[PDB]
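The structure tokens that follow cover one protein chain in two forms, given apart as structure 1 and structure 2.
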Structure 1
């Protein structure tokens, strides 16, 4: 009897058992080597979809630029970047004239948040390309080194405190004829020795003061670090992600805030919604669209994906968008909200590490860096890399970075592209034909419902939506999109069938020891299970199994198994002695060898408070000792605040609140 797992779908609907088509128990794929090849491929693909546009040379940096906007129309189903300007202006005008007062309200909210926030908002994010040392850094140290190097060239806006003088310093540093900065350099200092040579060439760290020119500061300011996307599930081949510097974060923050203020009052946007509100969003959208169908007419639904989505959107189209949106606003905010498209239309990709050339017979290897990429003849690379380099060559600058005008290259404007998608969805009709479309748009994903008299008119409306999105640079994947009747679709990997919503493609996290200390990890783990059960919709028996898996990992990591168990060790000897000496055994903590009591209803309670009225008086005297020698000096981070990589747990400072060296 040959067991077949797919036969499960004969007696169960496929949406109810779709979680077996998520292989989330295996290893997510990592990327050993360089992401120089993938970055070169992304540069070539970006410049390939827009090669029929206007090509020129920048008179600021000297890079070869390419402009595809208001270019020729496509003639094939290949991807395009040629977004017509009047079509985007008409989509935004219809979006404004259907929701009156929306744009002025969003612009006023964005300015009245700009006149409030401070520069510490530029630390609550991700890694940051550092122009000082040409590497990724955290956001706090990148902002700190940028401020302390701006102080040398008399740029004292950040000493005031706000965001507007700091961005004034950013756009005024581009006019300095020379920029000086603090670069950490291990420049050698010679030391004597007693050996045959008598010198030890070592690398003593210090801080030197180096300076570059104005063009080099501009090219480091417009730069864009690139790497490979690690641990990304769902694709076979890897890809490159970008990371922008600190000269651009303050403008991207305001443009994202403006587009979020637009998207919050949009009735066809599935971002930034979250929780069970998303299942309500799918059900409300299907109910509103079935509450509008003609009698005797068919309502279809296209479940769709966007191919090359962040490679075909232009920053000039985003410049035109933020020029249209902030229209009845003052001039300085109209110039402020038009600087992030300027810095994204002149961006320069950094090419990564290089390529490793080997010699197999002599068994040697070396790494060709990015400047010397064209310093060897091209017949010493393999065929894929050789075609890559032949196609890259007109865009390579001699510092090892390649020019990249079009495309969004990872997605920093994840809300303005959503606004563009909703602007495309709001057209609803072309040429007074008998259909109407609506639907949802989540950054890269989308779902389009079409009501019409029959299904031929539905397919004609779908074709008009495809040809209309060609005019905006919105490319719809014809290999990853299908279309069926209403009542069976998918959006952001939430599946919908017959009113039932299956919420998945959330991998269950590592239910294991975070590593802070004993009481901290117990509180963090139980809060992880409670937050998963509230937000992600984790079931009851699944959460009890998650409690048990966390308890097993917790007892392994801290060597604190139950006192009536046969586990042995250096700690379990004294733990079993404590279990022998204790009268009331249910008051002992988990980490002292006692039992577990956590169930679904008391995950919010600390362990010490949960077990306090059951402890022996001796055990709570030694446990809650005032001058216990394990805690040390107090601070807020050792009490409540710690990250999950943020939460706030409740740790009573007893003798399980130690810290390492």
Structure 2
């Protein structure tokens, strides 16, 4: 017999049999999506999807700018960025009509939160670009360096704490004729070597004071580095408020799928399906379209987002509209840093050298391979002689995920074209969408799908024909979730990793149990899977902290005395697992600290020793109970 795994689909529905195909949600080690070649490819694609628009030269930075908005309509089925402002405005006006007062309520909530927000909020993000050193650094250090440089430049806005004064100074810094800052330079310097020359050239991380010109600073502030791309600190302060606005709008839309609670997603999908089925005409047909979008980030224009923010904040004070108009404005003038460069090599001589981005065009293009040569030929018009390229159209990352979802839902809100015999609704999740169409025959559902496709083309949304399909309502997919006649499954699931949090024996247990509980609450982990995750975590915890059971036969450093602890204790059940005690965790008690879980079982003697008020170990998220196991490491 020859085993065929796919035969499992004969006896089981494919949605159930294909669940958790990928045991992870992050990029694997073999993810080829970084490098100068991929950044150049993104730039070329973004400018190809907008090459029929207006082209000019920036009066500020001097770069070459492309504008697909309000351009010619597409006459083909390739990705197009020629979104029409009138169509976007009509969609937004209809969205306002269906939800009276939503735009203004969202604007007021965002404004109030902005008024309350502090400078310290620009630390909860991820790795951010740093213009002072021109490198990707954590948000905290980048913010601190920017604050210090601004103090050096006589821009003291963060001293007031508020985020608005900091942003005001960050906008004023663009007007300074020169910017002085502190830079980190690996400084090679003298040292009394033991050699005859007595010169041991070596580097230290020295801090020096440098100064740049207004144009260079402006280009640096508009630059996105390669981690994929990451933005600087001059844009996060404005991006916060625009994202907050979009989240306020999106959490009041029934089409915008934002039920991040695990079971809330199942409820959302079931409710959408039931609502569409109940609204179908008698004798008609309802059809669901599982859709994907091609080049979603490469075809959305920051100009359209600026118009979107202008429309949303219509009834707001001019100061808040000006504040909200900055992030899309800085994203319409962005500059892409292309990365390390390209590796050139001589095989006969066995030599290799890295050509940096500034020197990309310093060698003849015949010394590049065919793909790189064509990429450079197309990149040349948009190349700056400093290692950066101009990227006016498109986006790069999830910097405007919520606003993209708002635009998608506005597209879904039309529901009909030309008073035809079909009604469409659906769910949008920021580049993922499902479209339900109710009509009286399948041929009219297809007409509705075609009309939706064209309407999306009018807004800059390009739906993937190669990755989109449709069938009768009752079975579809949305955000890696398969729905079929009620049953819901997940295509991917981030299973717990092997390891420990890395704090203590007391904090690690709570952290791991919390991860398991959150996995089975938000990711739909089953009972048996959660119990086995507990087992695996306990095994890894014991192996890492060398705290195997006291009744076991395992030799080691701590175990020799763990055995004595086990033998000297009568209530051996109340011992912590870090002391060789049994593991009493299960699904029900996954949210309770183990110390308080075993308190009533702890021996009075062991209870006293473990929880000594002034033990020499503790000194002075995850549920914590102070004890000898909450120690610290050098």
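Under this definition, the rigid core comprises the largest set of C-alpha atoms superposing within 1.5 Å between the forms. Residue numbers count along the first chain shown, from 1.
(request) Of 482, 556, 374, 182, only one moves its C-alpha by 2 angstroms or more between structure 1 and structure 2 once the rigid core is aligned, so tell me which. (result) By this measure, the answer is 556.
(message) If I superpose the two forms on their rigid core, does the C-alpha of residue 157 end up displaced by 2 Å or more between structure 1 and structure 2?
(response) For residue 157, whose C-alpha is compared between structure 1 and structure 2 after core superposition, the shift is less than 2 Å.
(request) Using a rigid core alignment, state whether the CA of residue 576 is displaced by 2 Å or more between structure 1 and structure 2. (result) For residue 576, whose C-alpha is compared between structure 1 and structure 2 after core superposition, the shift is 2 Å or more.
(request) Answer yes if the Cα of residue 604 shifts by 2 angstroms or more between structure 1 and structure 2 on a rigid-core superposition, and no otherwise. (result) Yes; residue 604 is a residue whose C-alpha shifts (by 2 Å or more) between structure 1 and structure 2 when the cores are overlaid.
(message) Relative to the superposed core, report the C-alpha shift of residue 33 between structure 1 and structure 2 in angstrom.
(response) The alpha-carbon displacement, core-superposed, is 10.5 Å.
(request) Let me know the CA shift of residue 444 between structure 1 and structure 2 in Å, rounded to one decimal, core fitted. (result) Residue 444 C-alpha displacement between structure 1 and structure 2, core-aligned: 1.0 Å.
(message) Once both forms are fitted on the core, what is the Cα shift for residue 517 between structure 1 and structure 2 in Å?
(response) Shift of residue 517 at C-alpha, rigid core superposed: 3.4 Å.
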